[PDB]
$ cat model_30.cif   # mmCIF, C-alpha atoms
data_work
#
loop_
_atom_site.label_atom_id
_atom_site.label_comp_id
_atom_site.auth_asym_id
_atom_site.auth_seq_id
_atom_site.Cartn_x
_atom_site.Cartn_y
_atom_site.Cartn_z
CA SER A 2 -80.15 5.00 -14.81
CA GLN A 3 -76.63 3.87 -15.72
CA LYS A 4 -75.87 6.99 -17.79
CA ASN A 5 -73.22 7.97 -15.21
CA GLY A 6 -72.50 4.53 -13.71
CA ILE A 7 -71.37 1.77 -16.06
CA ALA A 8 -71.28 4.50 -18.72
CA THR A 9 -68.62 6.43 -16.79
CA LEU A 10 -66.93 3.10 -16.07
CA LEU A 11 -66.73 2.62 -19.85
CA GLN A 12 -64.47 5.71 -19.89
CA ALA A 13 -62.54 5.11 -16.65
CA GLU A 14 -61.63 1.53 -17.59
CA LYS A 15 -60.99 2.73 -21.15
CA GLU A 16 -58.45 5.24 -19.82
CA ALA A 17 -56.94 2.53 -17.61
CA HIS A 18 -56.53 0.20 -20.60
CA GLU A 19 -55.07 3.07 -22.64
CA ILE A 20 -52.57 3.65 -19.82
CA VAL A 21 -51.75 -0.08 -19.83
CA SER A 22 -51.10 0.01 -23.58
CA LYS A 23 -49.02 3.18 -23.20
CA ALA A 24 -46.99 1.54 -20.41
CA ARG A 25 -46.35 -1.49 -22.63
CA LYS A 26 -45.27 0.78 -25.50
CA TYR A 27 -43.03 2.77 -23.14
CA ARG A 28 -41.47 -0.48 -21.88
CA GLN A 29 -40.77 -1.54 -25.47
CA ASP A 30 -39.27 1.88 -26.28
CA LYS A 31 -37.12 1.72 -23.14
CA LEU A 32 -35.98 -1.76 -24.18
CA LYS A 33 -34.98 -0.43 -27.60
CA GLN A 34 -33.17 2.56 -26.06
CA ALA A 35 -31.34 0.35 -23.55
CA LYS A 36 -30.30 -2.03 -26.34
CA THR A 37 -29.00 0.89 -28.40
CA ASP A 38 -27.08 2.29 -25.42
CA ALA A 39 -25.62 -1.15 -24.67
CA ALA A 40 -24.54 -1.54 -28.29
CA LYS A 41 -22.92 1.90 -28.20
CA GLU A 42 -21.09 1.02 -24.98
CA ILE A 43 -19.90 -2.29 -26.45
CA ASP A 44 -18.68 -0.47 -29.57
CA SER A 45 -16.85 2.06 -27.39
CA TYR A 46 -15.19 -0.75 -25.41
CA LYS A 47 -14.16 -2.47 -28.65
CA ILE A 48 -12.74 0.80 -29.99
CA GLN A 49 -10.80 1.35 -26.76
CA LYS A 50 -9.40 -2.19 -26.90
CA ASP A 51 -8.41 -1.76 -30.55
CA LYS A 52 -6.73 1.54 -29.68
CA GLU A 53 -4.82 -0.19 -26.87
CA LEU A 54 -3.66 -2.90 -29.28
CA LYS A 55 -2.60 -0.28 -31.83
CA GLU A 56 -0.73 1.63 -29.12
CA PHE A 57 1.09 -1.56 -28.11
CA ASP B 169 -90.47 -14.80 -21.37
CA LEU B 170 -89.31 -16.52 -18.18
CA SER B 171 -86.28 -18.73 -18.89
CA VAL B 172 -86.36 -17.43 -22.46
CA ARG B 173 -83.84 -19.08 -24.77
CA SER B 174 -84.28 -16.36 -27.43
CA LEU B 175 -81.48 -13.82 -26.99
CA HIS B 176 -83.39 -11.51 -29.35
CA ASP B 177 -85.83 -10.87 -26.49
CA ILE B 178 -83.10 -8.83 -24.76
CA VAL B 179 -82.00 -5.58 -26.39
CA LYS B 180 -78.50 -5.26 -27.81
CA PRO B 181 -77.53 -2.46 -25.35
CA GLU B 182 -77.56 -3.04 -21.59
CA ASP B 183 -76.54 -6.62 -22.47
CA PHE B 184 -72.76 -6.50 -21.92
CA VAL B 185 -72.25 -4.37 -25.03
CA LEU B 186 -68.55 -3.42 -25.17
CA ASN B 187 -67.90 -5.41 -22.01
CA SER B 188 -64.94 -4.27 -19.93
CA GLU B 189 -62.20 -6.76 -19.09
CA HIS B 190 -62.63 -6.42 -15.31
CA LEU B 191 -66.40 -5.79 -15.32
CA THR B 192 -68.97 -7.61 -17.44
CA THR B 193 -71.53 -5.01 -16.28
CA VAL B 194 -74.42 -7.32 -17.22
CA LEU B 195 -76.43 -10.13 -15.63
CA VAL B 196 -79.81 -11.76 -16.25
CA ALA B 197 -82.13 -13.13 -13.57
CA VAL B 198 -85.74 -14.31 -13.41
CA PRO B 199 -86.73 -14.16 -9.72
CA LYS B 200 -90.01 -15.54 -8.43
CA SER B 201 -92.73 -13.49 -6.72
CA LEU B 202 -92.91 -9.71 -7.12
CA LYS B 203 -90.21 -7.41 -8.48
CA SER B 204 -89.54 -6.09 -4.96
CA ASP B 205 -87.87 -9.41 -4.14
CA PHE B 206 -85.75 -8.99 -7.28
CA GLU B 207 -84.73 -5.52 -6.10
CA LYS B 208 -83.75 -6.94 -2.70
CA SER B 209 -81.71 -9.61 -4.49
CA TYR B 210 -80.17 -6.79 -6.53
CA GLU B 211 -79.67 -4.90 -3.26
CA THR B 212 -78.08 -8.04 -1.82
CA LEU B 213 -75.82 -8.14 -4.89
CA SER B 214 -75.31 -4.37 -4.61
CA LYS B 215 -72.57 -4.94 -2.01
CA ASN B 216 -69.40 -7.09 -2.21
CA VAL B 217 -70.49 -8.41 -5.63
CA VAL B 218 -70.21 -5.44 -8.00
CA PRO B 219 -69.93 -1.64 -7.72
CA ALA B 220 -73.34 0.00 -7.75
CA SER B 221 -74.88 0.15 -11.23
CA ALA B 222 -78.34 0.04 -12.78
CA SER B 223 -79.92 -2.18 -15.43
CA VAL B 224 -83.39 -2.59 -16.92
CA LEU C 8 -83.73 0.03 -9.51
CA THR C 9 -83.06 -1.58 -6.12
CA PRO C 10 -82.81 -0.59 -2.44
CA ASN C 11 -79.62 1.47 -2.16
CA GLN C 12 -78.35 4.98 -1.51
CA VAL C 13 -78.49 7.88 -3.97
CA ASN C 14 -75.38 8.98 -5.91
CA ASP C 15 -73.19 6.61 -3.86
CA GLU C 16 -71.61 5.08 -6.99
CA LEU C 17 -69.44 8.12 -7.80
CA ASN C 18 -66.25 6.26 -6.80
CA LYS C 19 -67.12 2.57 -6.28
CA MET C 20 -67.03 2.06 -10.06
CA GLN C 21 -63.77 4.03 -10.44
CA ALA C 22 -61.37 3.51 -7.52
CA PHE C 23 -61.76 -0.29 -7.43
CA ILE C 24 -62.07 -0.56 -11.25
CA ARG C 25 -59.50 1.66 -12.99
CA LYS C 26 -56.83 0.86 -10.40
CA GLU C 27 -57.14 -2.84 -11.28
CA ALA C 28 -55.44 -1.94 -14.58
CA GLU C 29 -53.43 1.11 -13.46
CA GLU C 30 -51.47 -0.99 -10.95
CA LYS C 31 -50.77 -3.57 -13.66
CA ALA C 32 -49.66 -0.81 -16.03
CA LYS C 33 -47.28 0.66 -13.45
CA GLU C 34 -45.91 -2.79 -12.56
CA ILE C 35 -45.31 -3.55 -16.24
CA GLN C 36 -43.69 -0.17 -16.95
CA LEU C 37 -41.35 -0.77 -14.00
CA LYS C 38 -40.49 -4.47 -14.19
CA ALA C 39 -40.33 -4.79 -17.99
CA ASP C 40 -38.11 -1.70 -18.19
CA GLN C 41 -35.80 -3.04 -15.47
CA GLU C 42 -35.60 -6.47 -17.14
CA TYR C 43 -34.90 -4.81 -20.50
CA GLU C 44 -32.09 -2.78 -18.92
CA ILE C 45 -30.65 -5.95 -17.36
CA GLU C 46 -30.87 -7.80 -20.69
CA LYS C 47 -29.18 -4.89 -22.47
CA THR C 48 -26.41 -4.93 -19.86
CA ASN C 49 -25.95 -8.68 -20.35
CA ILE C 50 -25.83 -8.28 -24.14
CA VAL C 51 -23.29 -5.48 -23.76
CA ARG C 52 -21.23 -7.72 -21.47
CA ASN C 53 -21.28 -10.54 -24.03
CA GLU C 54 -20.32 -8.19 -26.87
CA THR C 55 -17.54 -6.74 -24.71
CA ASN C 56 -16.29 -10.26 -23.97
CA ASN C 57 -16.16 -10.99 -27.71
CA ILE C 58 -14.38 -7.67 -28.31
CA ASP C 59 -11.95 -8.52 -25.50
#

$ encode --input "model_30.cif" --output "structure tokens"
Amino acid sequence: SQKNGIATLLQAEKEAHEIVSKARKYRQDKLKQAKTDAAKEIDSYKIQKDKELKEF
Amino acid sequence: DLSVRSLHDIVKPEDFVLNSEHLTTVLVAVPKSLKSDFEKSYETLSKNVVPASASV
Amino acid sequence: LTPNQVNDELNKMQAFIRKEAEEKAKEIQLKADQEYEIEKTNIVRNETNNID
């Protein structure tokens, strides 16, 4: 019967949904990493500007 | 049994148990005449309606 | 049962089923990541403007 039909679909679609959830989690992690890198770059720019003011 | 309003008449499995998001994998019909006509209707629905699968 | 071929459902329930979510997963992992990078760049630009 459907022991290898809808039953195998219940694993194929399960893996597809797991991949969707993993992609969402990876997107969130990439968002966090990009925010951290942007904050580090902004801090570096602020430090460079402060160093320029101190040099002046 | 035909046009039965008692859902208990149908077993819990093979009744959209753990239904997938993109595939309900369940349908109920009560065709007239012999079961061969039902199979032909299932054969008619076996293409362009749902990927091939079996149900009781 | 019903009139149909034998063992012909080895890929009809997979290729047109799992891809319907795999394509969405790939599109999310691409577009959301790109939008997050753009938003991080904009936030960095605003913070750099304040620092400036």

$ closest_residue --input "model_30.cif" --among "C:14, C:19, C:47, C:30" --to "chain B" --atoms "all atoms listed in the file"
C:19

$ interface_residues --input "model_30.cif" --of "chain A" --to "chain B" --cutoff "7 Å" --atoms "all atoms listed in the file" --output "list in words"
residues 2, 3, 6 and 7 of chain A

$ resolve_selection --input "model_30.cif" --expression "the PyMOL selection byres ((chain C) within 7 of (chain B))" --output "JSON, numbers by chain"
{"C": [8, 9, 10, 11, 16, 19, 20]}

$ interface_residues --input "model_30.cif" --of "chain A" --to "chain C" --cutoff "7 Å" --atoms "all atoms listed in the file" --output "list in words"
residues 6, 10, 13, 14, 17, 18, 20, 21, 24, 25, 27, 28, 31, 32, 35, 36, 39, 40, 42, 43, 46, 47 and 50 of chain A

$ atom_distance --input "model_30.cif" --atom1 "CA of residue 22 (chain A)" --atom2 "CA of residue 9 (chain A)"
19.9 Å

$ atom_distance --input "model_30.cif" --atom1 "CA of residue 199 (chain B)" --atom2 "CA of residue 185 (chain B)"
23.2 Å

$ residues_around --input "model_30.cif" --residues "residue 170 (chain B)" --least-positions-apart "2" --cutoff "10 Å" --atoms "only C-alpha atoms" --output "count of residues only"
6

$ atom_distance --input "model_30.cif" --atom1 "CA of residue 15 (chain C)" --atom2 "CA of residue 12 (chain A)"
18.3 Å
